[PDB]
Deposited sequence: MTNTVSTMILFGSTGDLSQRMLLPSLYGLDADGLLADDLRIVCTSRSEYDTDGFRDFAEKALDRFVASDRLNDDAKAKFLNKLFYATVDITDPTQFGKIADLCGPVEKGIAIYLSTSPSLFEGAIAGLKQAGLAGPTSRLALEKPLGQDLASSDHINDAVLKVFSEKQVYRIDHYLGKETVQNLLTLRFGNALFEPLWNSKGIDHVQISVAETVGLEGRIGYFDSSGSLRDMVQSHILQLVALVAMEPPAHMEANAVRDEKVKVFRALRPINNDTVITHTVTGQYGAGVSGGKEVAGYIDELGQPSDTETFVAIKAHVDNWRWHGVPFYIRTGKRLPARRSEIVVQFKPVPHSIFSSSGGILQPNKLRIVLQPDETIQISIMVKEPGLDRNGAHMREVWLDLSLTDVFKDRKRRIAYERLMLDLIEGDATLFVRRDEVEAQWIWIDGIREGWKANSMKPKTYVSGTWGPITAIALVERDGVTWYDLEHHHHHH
């Protein structure tokens, strides 16, 4: 019933960040009892400003403030620089609101490293149990991401093929046209690996690589996802160079306006990625030998996040009439900005005989964006928010998840920190550095785009 930010009068919060809070319930969903406690340097009535500062210790005892009943729960995000979190953690203690089920919502980066994340979580845990913790991951709230569960197990056509023999490899790519998210100097703090790959891509891979549960339970869903992250192939300095590629936002023509370089955008020489590509494997016994080719970067030629499952070829082209070449089957799922799923099959080409059979590849296409046009375009936060209020919530992260996510992340970065692996530049609007072609082409693979 309350959310805390110390910078609202200042910087981004003052101009664009706040409406996310006001807009989502102002005409959308329904809310009536809430007590937004804000502090900085319907429910319109609830919002109320306050002032707080970590530097004076005696100040924390003085604020002594709690809006709403103790039997409600204390959710808050401390968006401060490192070492200021510890000073202001106790403020809810002056309120004292830890006893009731507490939402403890954390839509946050959660730190650069597992020790960095654990430091946070160990301190948060003493006031609140895991059941109280409700960490949001913005993709898990996207509807297009949610249907990955109906897709495999609400249909009998897929699961026979999710097993190494069925799939030769899978390709995932999160595409963004612009690097101007207002994160410059904040991106430097993390970067595309921790910014995008550590949870949102990993959460998607978990939806793709897992086993089905027996039923749609909250904790049955999450307990099977940690298994993929614990079954990831750990990328070591001995494997990072072959399996990883970093690239950086350069100066090209992007979006119609010509644009400039990352380093020249920060003003100082910068080393973060703004693009990365990995060749992962799941060793659960259903995925051994199946490469997942993951990719994300900014200043790319299109913003379009899609998954492409390429299946193993037929054991035999019985149409080896000199026209018998069969293009592997692809299951293509597009989740942003258009909602789309398609399959690629072979069909005899209308015609006679040129001393063989000639055929074409073609796509059975279905688009959710068009099929459901009279339906809603609800924001992820609107679906996610009710679950916070609801006694058991399903779309929120768990410690085993993040802890298994970071281990793979920290093992990779040291691998190229121990290998001294600098990024490679790309022209904004090019699809990235030229080294990501060999990374797949050394395996025979091609990255799916338009024709």
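Residues 1 to 5, 47 to 77, 488 to 493 of the deposited sequence have no C-alpha coordinates in the model.
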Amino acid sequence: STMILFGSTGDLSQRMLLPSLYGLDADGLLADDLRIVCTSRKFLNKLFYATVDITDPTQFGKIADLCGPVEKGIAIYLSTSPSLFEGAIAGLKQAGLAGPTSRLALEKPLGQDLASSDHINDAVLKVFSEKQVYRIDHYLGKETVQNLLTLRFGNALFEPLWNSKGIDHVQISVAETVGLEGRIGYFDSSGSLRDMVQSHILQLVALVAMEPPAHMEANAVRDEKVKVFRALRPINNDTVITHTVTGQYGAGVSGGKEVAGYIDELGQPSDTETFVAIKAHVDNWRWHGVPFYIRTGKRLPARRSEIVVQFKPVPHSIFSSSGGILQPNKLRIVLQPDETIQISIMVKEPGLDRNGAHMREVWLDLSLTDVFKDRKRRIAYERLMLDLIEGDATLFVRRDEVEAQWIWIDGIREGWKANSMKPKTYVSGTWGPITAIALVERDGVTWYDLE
From here on, numbers count along this sequence of modelled residues.
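Mean CA B-factor, 79 to 87 versus 291 to 299: the higher value falls on 79 to 87. Remark: stretch with higher mean C-alpha B factor among 348 to 356 and 168 to 176 is 348 to 356. Ranking 408, 426, 416, 48 by the C-alpha B-factor listed in the PDB entry places 48 at the top. For the set 52, 404, 412, 395, the maximum C-alpha B-factor listed in the entry falls on 52. When the CA B factors of the chain's modelled residues are split into thirds, the value for residue 445 lands in the middle one. For residue 195, the recorded CA B-factor ranks within the middle third of the chain. Only modelled residues enter the ranking. When the modelled residues of the chain are ordered by C-alpha B-factor, residue 71 sits in the highest third. In the deposited entry, the Cα temperature factor of residue 286 sits in the bottom third of values across the chain's modelled residues. Residue 335 sits in the lowest third of its chain by CA B factor, as recorded in the PDB entry.
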